[PDB]
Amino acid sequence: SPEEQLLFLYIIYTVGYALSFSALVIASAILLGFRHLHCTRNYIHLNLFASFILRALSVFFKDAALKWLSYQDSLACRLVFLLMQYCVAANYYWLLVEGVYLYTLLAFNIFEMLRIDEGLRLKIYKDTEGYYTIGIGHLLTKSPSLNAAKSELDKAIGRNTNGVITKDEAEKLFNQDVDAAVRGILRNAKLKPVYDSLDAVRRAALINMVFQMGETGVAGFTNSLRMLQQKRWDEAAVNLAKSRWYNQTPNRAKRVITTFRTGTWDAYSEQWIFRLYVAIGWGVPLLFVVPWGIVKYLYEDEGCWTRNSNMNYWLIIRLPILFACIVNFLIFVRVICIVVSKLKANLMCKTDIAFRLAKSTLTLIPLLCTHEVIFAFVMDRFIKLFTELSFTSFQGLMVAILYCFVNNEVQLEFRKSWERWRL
């Protein structure tokens, strides 16, 4: 039946956006409700959810305007359609930053963490403590002798020092120091059990302290190390502030403690980067959607601009989305090469955020960007192509699932909340 076909798909479409809207509002409530979930990774999710929520609001508003000159001829329809067009480009660009964020997350590590905290020295320097240092926090000896410090450095570099050491030589010594740090931890009775239990992020925080203080130095934090092993992050965060370490070097300690508390690199992120994501997710769509709207109002205005079959006016909304999809697939491929490298090299376990976030993002990219690429320059079996409306409707639901409901961190919050209720 012809009429039966169009009505049945209308149901699965509206229930698709009904299940998506609900799931996204609930998911967004979860990310906001629990304090522990307040990190840059989840904030990016909340903006991606909003773009799906607003898209659903367009669908419900269009449908709600059917109840009471026709709706096709009205200007209200063109506005709701223009808002819808905005949400779609927002989905694709918030998906872009979702990939860009992931890529940078895979590129940061302990070496990048220490290069920020320790800084870089080109020449030998006698620090406040009496120790001669160079490179990236490479302490030599406390011996008050620049003559012997240069010689002590000569043996530990290979060639004659003179005093000036190149950027490459410093990176070489930097690798030495970090490898020597992890060997210290694993050769310590009090540091191995906790290090083995920490995630890759909180491992870097533990290496960071050993890099500053020392193997036997950080082993003194008996009080903090125990509650770190027990997954009790927040209790250890306040405990680490009551330290000699925190009062001596406060700016560095607060960054390390945040990394312990949250398990993220937020304490090393620049604030302007997240403002550049919000300029891409919400800003760039505005840059091609409004000129599309203007030409389709001055030069092609006929039934909420549904008959988009004339001139270059189709291309100004389809080429920026194609651009977002091509890059999304380029990130898709690049990320996969990085993840399989880090997994093979035992740099990453399948238990880490970087891998689990890749597990979800690598799913959404070909899920949302495949259609746009396959039919790139086609303007426009009937029943079979009617199925695109099913996937686009459920799209928001799947985003809520992969980025919230199956997230391990949120599941911890529900069990931790249920535990408080009993005790």
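Residue numbers here begin at 1 and follow the sequence given.
Student: Do the CA atoms of 22-30 or those of 360-368 have the higher mean B-factor in the entry?
Tutor: In the deposited entry, the stretch with the higher C-alpha B-factor mean is 22-30.
Student: In the PDB record, does 325-333 or 213-221 carry the higher mean Cα temperature factor?
Tutor: Here the higher of the two C-alpha B-factor means belongs to 213-221.
Student: Per the PDB entry, which option out of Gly263, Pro144, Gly283, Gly99 has the greatest Cα B factor?
Tutor: Answer for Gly263, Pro144, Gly283, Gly99: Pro144, with the highest C-alpha B-factor.
Student: If you compare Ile124, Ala189, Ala200, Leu206, which has the highest Cα B-factor in the entry?
Tutor: Checking the PDB record, the top C-alpha B-factor among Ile124, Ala189, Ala200, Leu206 is at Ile124.
Student: What third of the chain, by the recorded C-alpha B-factor, contains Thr161?
Tutor: As the PDB entry reports it, the C-alpha B-factor of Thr161 lands in the highest third of its chain.
Student: Going by what the PDB entry lists, where does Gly184 fall on CA B-factor within its chain: lowest, middle or highest third?
Tutor: For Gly184, whose C-alpha B-factor we compare with every modelled residue in the chain, the answer is the middle third.
Student: Give the position of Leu66 by CA B-factor within its chain, expressed as the lowest, middle or highest third.
Tutor: It belongs to the highest third of the chain when residues are ordered by C-alpha B-factor.
Student: Rank-wise, by C-alpha B-factor, drop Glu270 into the lowest, middle or highest third of its chain.
Tutor: Lowest third, going by the recorded CA B-factors of the chain.
Student: Select lowest, middle or highest to describe the third in which the CA B-factor of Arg35 falls within its chain in this entry.
Tutor: Answer is middle: the recorded C-alpha B-factor places it there.
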